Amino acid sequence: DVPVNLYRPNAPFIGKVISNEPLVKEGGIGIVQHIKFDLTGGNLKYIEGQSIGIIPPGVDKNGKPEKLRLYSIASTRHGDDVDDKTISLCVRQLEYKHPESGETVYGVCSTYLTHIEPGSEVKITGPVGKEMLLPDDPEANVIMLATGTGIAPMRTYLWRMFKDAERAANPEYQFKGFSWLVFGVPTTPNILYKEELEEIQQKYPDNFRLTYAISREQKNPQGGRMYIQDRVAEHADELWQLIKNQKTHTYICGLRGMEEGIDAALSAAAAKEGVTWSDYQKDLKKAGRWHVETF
């Protein structure tokens, strides 16, 4: 049912870049690009919450061909133009410290992607993943906890739930539950898809709540920079109350590091009702209602 591995690294799909557009506004930190690829001429199909591989050109330091890197799909199954002809990624250029030979170091696949020109051919594999899938139940509640490019699967969910053209294209999924995105980035310019996310909340105030953790602009009650775990702590009781619903699904995506604080917050909330969160969570995971993709 769920499409997987329609293309594999040994014979990847050769897609063409359609567009490569910046998502970080001026005054933001780093580079994050929205890259749309043409799928025509191949049979790559995918659904929300899946990933694809990109095989960058060139050899590694040892002279071996570069292997694929996985990227969360950022578009619904229909693509950004709701035409079933494209796929989009949300790619941060990896950039880091002196402590790794030279000065600034640039990630191979992410630099390739963020600097790629429209018209260029790209080697695409996949799709991959069954752990971040959205329920077909239109009355499900969906909690989304994202940092940085972790927004990508959330965008696929929210566009499917809330975009006019998606609703028109998906007769069987007219979302009427409650979705809550807690999104952590360093700056307001770094709020990926800010305008569209805010448009959704304005349009669907009873079906979508948008919460930001903006680390360079907000402080947690301890005086530290605000991160998503601080927002989870702040709204722990409400989040736990929602999680108790048989139809609630939670999705976590982004760089590793926040799950521990998220667990501590939810544990304190659940303990008030004599529930051990770690146990409840194990059962949620088994039932397919606790979805984590951290990298």
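Each residue number is its position in the shown sequence, starting from 1.
Undergrad: Taking the recorded C-alpha temperature factors, which stretch has the higher mean, 46 to 54 or 224 to 232?
TA: Stretch with the greater average CA B-factor: 224 to 232.
Undergrad: 259 to 267 versus 30 to 38: which one carries the higher mean Cα B factor per the record?
TA: Between 259 to 267 and 30 to 38, it is 259 to 267 that shows the higher mean C-alpha B-factor.
Undergrad: Going by the CA temperature factor in the entry, name the top one among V185, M161, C109, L134.
TA: Out of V185, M161, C109, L134, the record gives the largest C-alpha B-factor to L134.
Undergrad: From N170, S88, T211, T125, which pick has the Cα B-factor that tops the rest in the entry?
TA: In the PDB entry, the greatest C-alpha B-factor among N170, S88, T211, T125 is found at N170.
Undergrad: If you rank every modelled residue in this chain by C-alpha B factor, which third holds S101: lowest, middle or highest?
TA: Highest third of the chain for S101's C-alpha B-factor.
Undergrad: If you rank the chain by CA B-factor, which third does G119 end up in: lowest, middle or highest?
TA: Middle third - that is where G119 ends up once the chain's C-alpha B-factors are sorted.
Undergrad: Going by the CA temperature factor in the PDB record, which third of the chain does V82 belong to: lowest, middle or highest?
TA: Answer is middle: the recorded C-alpha B-factor places it there.
Undergrad: Considering every modelled residue of the chain and its Cα B-factor in the PDB entry, is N62 in the lowest, middle or highest third?
TA: Top third by C-alpha B-factor.
Undergrad: Going by what the PDB entry lists, where does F178 fall on CA B-factor within its chain: lowest, middle or highest third?
TA: According to the entry, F178 has a C-alpha B-factor in the chain's middle third.
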